[PDB]
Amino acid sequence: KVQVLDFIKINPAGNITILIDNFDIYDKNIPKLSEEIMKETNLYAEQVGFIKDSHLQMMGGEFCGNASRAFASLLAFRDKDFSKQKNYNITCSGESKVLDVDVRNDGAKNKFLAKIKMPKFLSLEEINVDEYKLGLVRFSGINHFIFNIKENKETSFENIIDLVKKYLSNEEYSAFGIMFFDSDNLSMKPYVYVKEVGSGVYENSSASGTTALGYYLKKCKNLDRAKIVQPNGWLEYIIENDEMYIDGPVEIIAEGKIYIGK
């Protein structure tokens, strides 16, 4: 049997997102479904969501700032009343608060700029393990470590990953991120690890990571706003009225039907 699903492919700052539509968000087939979708042998993406009215049910039931930005940019794309700017109220899995996204046109009708209010950090640390100084911005769900390659000495990105892993060996964590940060170019190579899957992936973008880097830059350099270049995209962290926002580009790539093997 062949399953046909409405899809929208989107590039939110490089974190490619497939947004399935007109589907049951509670379907237990969501995880395996999104798994086959994301393959390079299929509609290749880095995140998969499931739209319904104004709610975004991610594949993992978690909150994603980029997939939420992609979603809000779809409403504008599909809203006949949208002109050049509009605020779109949306809800997202893993976030009880209603998210008000400021969606602006970025030139074309498929290009957008989406500013979303990102969760607040629980704590901000500066750990000194081994011979390296590392940042840490603990969140509800993700621990985001920072690594100023410049301030630190020579090392493989792998070494800093095994060092952070050994650091959390006594800490019940489900996933951590490490932001290998270059201060000369304000660039950042986000990395993420998960225990359940037991692997690591270098991502093209990271809304939450950019938030972490922003928190660590406001404490260490008093930068309230800046654009963070990332592998295949860029984001901008914004601290206004003691609150964190992420702004960045969003491009509607494709629209149509996908054929999955049940």
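For every residue, the number given is its place in the sequence shown, counted from 1.
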query: Comparing 107 to 115 with 159 to 167, the one whose average Cα B-factor in the PDB entry is higher; finding: 159 to 167
query: Comparing 149 to 157 with 117 to 125, the one whose average Cα B-factor in the PDB entry is higher; finding: 149 to 157
query: Given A212, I30, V229, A67, the residue at which the Cα B factor reaches its maximum; finding: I30
query: Residue with highest C-alpha B-factor in the PDB entry, from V201, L217, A207, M38; finding: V201
query: Relative C-alpha B-factor of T17, binned into the chain's lowest, middle or highest third; finding: middle
query: Entry-reported Cα temperature factor of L223, expressed as the chain third it lands in; finding: middle
query: Third of the chain's Cα B-factor distribution that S183 belongs to, per the entry; finding: highest
query: Assigned third (lowest, middle, highest) for the C-alpha B factor of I238; finding: middle
query: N87 CA temperature factor, ranked by third within the chain; finding: lowest
